[PDB]
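Below: one structure, written as structure tokens.
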2 protein chains.
Amino acid sequence: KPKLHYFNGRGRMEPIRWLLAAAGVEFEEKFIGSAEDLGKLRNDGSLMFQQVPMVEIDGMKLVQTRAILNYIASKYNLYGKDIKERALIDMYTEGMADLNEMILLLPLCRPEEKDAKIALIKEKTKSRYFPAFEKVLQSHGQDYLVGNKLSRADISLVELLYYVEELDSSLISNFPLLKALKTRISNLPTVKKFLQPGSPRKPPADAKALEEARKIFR
Amino acid sequence: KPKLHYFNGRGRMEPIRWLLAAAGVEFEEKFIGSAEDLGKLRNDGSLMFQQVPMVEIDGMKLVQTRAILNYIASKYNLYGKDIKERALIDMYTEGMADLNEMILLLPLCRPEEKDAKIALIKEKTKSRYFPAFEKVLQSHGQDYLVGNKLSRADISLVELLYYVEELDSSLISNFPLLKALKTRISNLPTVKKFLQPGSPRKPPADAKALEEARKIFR
Ligand SMILES: N[C@@H](CCC(=O)N[C@@H](CS)C(=O)NCC(=O)O)C(=O)O
Ligand SMILES: N[C@@H](CCC(=O)N[C@@H](CS)C(=O)NCC(=O)O)C(=O)O
């Protein structure tokens, strides 16, 4: 069983949880709850760059989010059928990571900044990102983004759609195809289970959570 | 011939120029010199996320640095022999990307915070990154980072070694294996040509350069 090392929260590890659950893979989590917990990991020489996420899988101690995701996607055949499909998949997911990065960092923005940031995110979501993905779905009219079959791109997108919903649920409003994809994916047996209460799925970070995580990683 | 769309500067396109030259692939560049040049790319629908880097290759208009790099690495056999070798490669390159991002963003730091940033980069270079890569070279005693064969990780690392040298040439002093890799990789025919004057290799951005790019993208 793959074991995920991270604090008890979303952070950068969430995408990995989504992908494994989607692939139908059982996994364990070992939560870091103190600077000393991180310290131990860091001293065992388990973290190549002395950072987490870190995942123990197939005899490896993989570090670096993209590295972990690529390995998992390939192993479970959610990374396309050829080099060109991987290109489309990577192009789509990097765009998703860019939008997710703005949202993921919103808390660190100073109170005078935040307002300006929020407007920006919303603006880019409606004029930049959602239009781009609605357009690929439109380009071929299939239920999946690439190769007419489930891939990590579909899973990342839907994960991103839920996050956006938490910000402002009206942003997806003028994008039917994205709405249809969200429903379809949320209904796949594996994802539906992951979406239910009590799953390893993590909640949005709250004041307390943010703070406590800042102590650990200092 | 692949065509790279970016401004005449290092920016985020440089790693891609490095990889292609190393693989011995001739390419063309179409420099963006104004907001109008960029505007024409957006209006052509050539930029999926209305951003560059963008590379025209094998019939596609690839965007997103990481997407482009992964495609090129596979095409020219610089991406390992299997899923696990790709995991090591991805892990090593992502760490490299993190250090690079810090150096890349240095010119954006306000004068009052620059010194602290510079200090952080130097410290992390010596206690975090260089030790990690030296350790892997030490682990197997081979000329290359992975599979005892040239790969994108070796090419990326050396480019990074040159950037570090521009900042502080004493930073690599306690890492002989990295020093040897730098010489070894720099002597490969394709890279030696790329390092020679008059090549597509780009210079450090001077005050003016930053200023102009700042205008183009806003
Ligand atoms: N680029 C890395 C970022 C990893 C990272 O910043 N991890 C933070 C927690 S979010 C950490 O471990 N910080 C402690 C440190 O930087 O020493 C990845 O995608 O996995
Ligand atoms: N994550 C993208 C970042 C691309 C990016 O920020 N491109 C800048 C030039 S450095 C741009 O085109 N900015 C114009 C804009 O954001 O509208 C990638 O690695 O390719």
Side-chain angles (χ1 to χ4, degrees), chain A residues 1-4 15-16 19-20 22-25 27 46-49 53-91 93-94 146-147 149-153 155-156, chain B residues 15-16 18-20 22-25 58 62 66-97 132-133 135-158 181 184-185 188:
Chain A
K1 270 188 185 182
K3 185 183 292 183
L4 327 187
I16 292 160
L19 189 62
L20 282 169
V25 183
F27 61 82
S46 298
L47 314 173
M48 172 163 194
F49 302 114
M54 185 286 261
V55 175
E56 298 183 81
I57 181 167
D58 297 334
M60 306 181 291
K61 286 184 184 178
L62 279 178
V63 102
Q64 283 295 354
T65 312
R66 291 184 212 287
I68 299 158
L69 289 168
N70 293 348
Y71 182 78
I72 298 174
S74 283
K75 181 177 188 181
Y76 298 103
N77 292 102
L78 290 161
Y79 213 166
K81 75 161 73 68
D82 61 46
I83 187 178
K84 283 188 175 179
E85 295 197 334
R86 288 195 293 278
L88 296 178
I89 285 180
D90 291 338
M91 172 170 45
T93 64
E94 285 303 300
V146 178
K149 86 185 203 73
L150 190 65
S151 75
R152 54 175 296 187
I155 294 156
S156 293
Chain B
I16 293 164
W18 266 80
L19 192 63
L20 291 171
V25 175
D58 297 345
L62 281 172
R66 264 168 274 232
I68 298 163
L69 286 166
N70 291 345
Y71 183 74
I72 293 176
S74 296
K75 181 177 179 74
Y76 303 105
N77 300 143
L78 291 158
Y79 214 160
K81 69 165 73 66
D82 56 48
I83 191 178
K84 283 192 175 190
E85 291 198 331
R86 287 201 297 282
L88 296 180
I89 290 172
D90 289 340
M91 183 182 230
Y92 301 169
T93 56
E94 283 295 298
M96 290 175 201
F133 298 119
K135 180 174 174 181
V136 19
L137 288 174
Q138 177 72 58
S139 72
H140 53 58
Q142 285 164 164
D143 282 24
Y144 300 104
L145 290 160
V146 179
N148 186 41
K149 167 180 153 73
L150 181 65
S151 75
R152 55 177 300 181
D154 303 302
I155 291 162
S156 290
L157 181 51
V158 171
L181 177 72
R184 223 182 292 123
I185 293 300
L188 293 177

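Below, chain A is the first sequence line, B the second, and so on; all start at residue 1. All values below come from the heavy atoms of this structure, side chains included, with hydrogens, waters and symmetry mates left out.
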Neighbour count >12 (heavy atoms, 6.0 Å) for atom CD, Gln138(B) = no

What heavy-atom pair brings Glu85(B) and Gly147(B) nearest, and what distance separates the two atoms?
-> OE2-CA, 3.4 Å

Identify the two heavy atoms, one from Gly80(A) and one from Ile89(A), that lie closest to each other, and give their separation to 0.1 Å.
-> N-CD1, 3.6 Å

Side-chain touch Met48(A)/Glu94(B), heavy atoms, less than 4.5 angstrom = no

Does a side-chain N-to-carboxylate-O contact under 4.0 Å join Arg184(B) and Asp143(B)?
-> yes

Side-chain contact, heavy-atom cut-off 4.5 Å: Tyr76(B) with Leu19(B)?
-> no

Does any non-hydrogen side-chain atom of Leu150(B) lie less than 4.5 Å from one of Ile155(B)?
-> yes

Gap separating the CD1 atom of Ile68(A) from the CD atom of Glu56(A), nearest 0.5 angstrom = 11.0 Å

Drop me the distance from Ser151(A)'s OG to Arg86(A)'s CZ, to the nearest 0.5 angstrom.
-> 12.5 Å

Sole candidate of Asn77(A), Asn70(A), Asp90(A) that passes side-chain hydrogen bond (donor to acceptor under 3.5 Å, both in side chains) when paired with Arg152(A) = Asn70(A)

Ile83(A) and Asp58(B), any side-chain heavy atoms less than 4.5 Å apart = no

Rounding to 0.5 Å, atoms NZ (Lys84(A)) and OG (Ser74(B)) come to a distance of 13.5 Å

So, do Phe49(A) and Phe133(B) have ring centers that fall under 6.0 Å from each other?
-> yes

Would you indicate whether the side-chain heavy atoms of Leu157(B) and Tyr92(B) approach each other to under 4.5 Å?
-> no

Of the non-hydrogen atoms in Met91(A) and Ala67(B), which two are nearest, and what is the gap between them?
-> N-CB, 3.6 Å

Which heavy atom of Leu78(A) sits nearest a heavy atom of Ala23(A), and at what distance?
-> CD1-CB, 4.0 Å

Quick one: which of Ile16(A), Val55(A), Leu62(A), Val25(A) gives a side-chain contact (heavy atoms from CB on, under 4.5 Å) with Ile72(A)?
-> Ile16(A)

Identify the two heavy atoms, one from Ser156(A) and one from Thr93(A), that lie closest to each other, and give their separation to 0.1 Å.
-> OG-CG2, 4.3 Å

